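Before any questions on binding or motion, here is one chain by itself as structure tokens, the form deposited in one PDB entry.
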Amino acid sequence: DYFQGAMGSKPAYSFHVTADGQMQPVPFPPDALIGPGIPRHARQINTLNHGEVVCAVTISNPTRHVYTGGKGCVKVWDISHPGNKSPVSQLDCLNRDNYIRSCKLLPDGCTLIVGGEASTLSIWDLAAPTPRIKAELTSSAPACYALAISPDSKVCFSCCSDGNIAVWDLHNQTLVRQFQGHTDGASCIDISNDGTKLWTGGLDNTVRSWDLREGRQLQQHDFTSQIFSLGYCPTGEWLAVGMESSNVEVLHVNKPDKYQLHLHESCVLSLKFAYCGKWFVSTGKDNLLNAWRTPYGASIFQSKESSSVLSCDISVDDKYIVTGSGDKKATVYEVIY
């Protein structure tokens, strides 16, 4: 299967807001929709039939296994085959009735941290070659909505339903610090490309930055609706934010301009940068997977799925996109360059 680009056109959907009030549609440069590392097509190659709504997805490094988080279960899929289509293992959670909200791998690929709508973070050993639950980290907050692992792998950051960011020492299995400030649940989290700043989004309509060493809050950005997703550009400089309205906003880090992007009709549930940083995806309650040029958000592709798209990940090699669905499945896309 070969694919070719075909140019299309829409009413202006990408706007730049400068330091003064000014809002203008972006004049796209010649490499906005075209170039080395810019997708030309996203081919759906696998459906992963989890059987519960897939609220968290992650992909191994190197690319090999996909982890889908459902209700009381994480399933493991081997995408080195297409095609395929069946899980190779599964990680059954304490009570099988709570949604998984986040799963993250340590870089070695044999530890997975799982969090969700229960007062417990689970650490799974995947050495293994069959999974074992290694530790349960108990919080007093009823739920975790999102996790981030520090670049050195020593620390897990958990976004709690009470607004606190809990900092867990992974090797010692112990709560070491809390970043306090969000006045409603923290829904999302990322770390700056230099490793020194934490960025979190909240149901309190704010994005906050934190000094990972100082321990406390640096910036605050106040918004008109709840924040459901965010990502920090891996090459630096830009922070993409997904909002309850439908907007994706791309904030210029430490600078006073931003882009506002309008191709969703509903809440922006998840978002992820390509590891090359040159493009990113967002996913919507409106069933869309939208791919966007960094930073100004020219529309690289759109994929309309059967149901709400709750979660996504992009593989470390930028070859694959995985989305999690309200239709109780995940979809594996091969990125065609």
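Under this definition, the rigid core comprises the largest set of C-alpha atoms superposing within 1.5 Å between the forms. Residues carry their position along the shown sequence, with the first being 1.
Note that the form deposited with a partner chain bound isn't included here; everything after this is about it.
Please run the contact check for residue 101 against its partner chain in the deposited complex: heavy atoms, 4.5 angstroms, yes or no?
Residue 101: yes, in contact with its partner chain in the deposited complex.
Partner proximity in the deposited complex: residue 117 to its partner chain, non-hydrogen atom cutoff 4.5 Å
The answer is yes: residue 117 has a heavy atom within 4.5 Å of its partner chain.
Are any of the heavy atoms in residue 53 no more than 4.5 Å from a heavy atom of its partner chain in the deposited complex?
Residue-level check for residue 53: yes, a contact with its partner chain.
Mark residue 199 yes when one of its heavy atoms lies within 4.5 Å of a heavy atom of its partner chain in the deposited complex, and no otherwise.
Answer no; every heavy atom of residue 199 is more than 4.5 Å from its partner chain in the deposited complex.
Its partner chain: the contacting residue among 187, 139, 122, 206 in the deposited complex [heavy atom, 4.5 Å]:
Of the candidates 187, 139, 122, 206, 187 is the one lying within 4.5 Å of its partner chain in the deposited complex.
Pick from 73, 175, 143, 149: which has a non-hydrogen atom within 4.5 Å of its partner chain in the deposited complex?
Checking each option against its partner chain in the deposited complex, the one that comes within 4.5 Å is 143.
Contact test, all of 97, 228 and 269, partner its partner chain in the deposited complex, heavy atom 4.5 Å:
Every residue of the candidate spot has a heavy atom within 4.5 Å of its partner chain in the deposited complex.
Can you tell which residue in 83, 215, 142, 195 has its CA shifted by 2 Å or more between the shown form and the other one when the core is superposed?
Residue with a C-alpha shift of 2 Å or more: 83.
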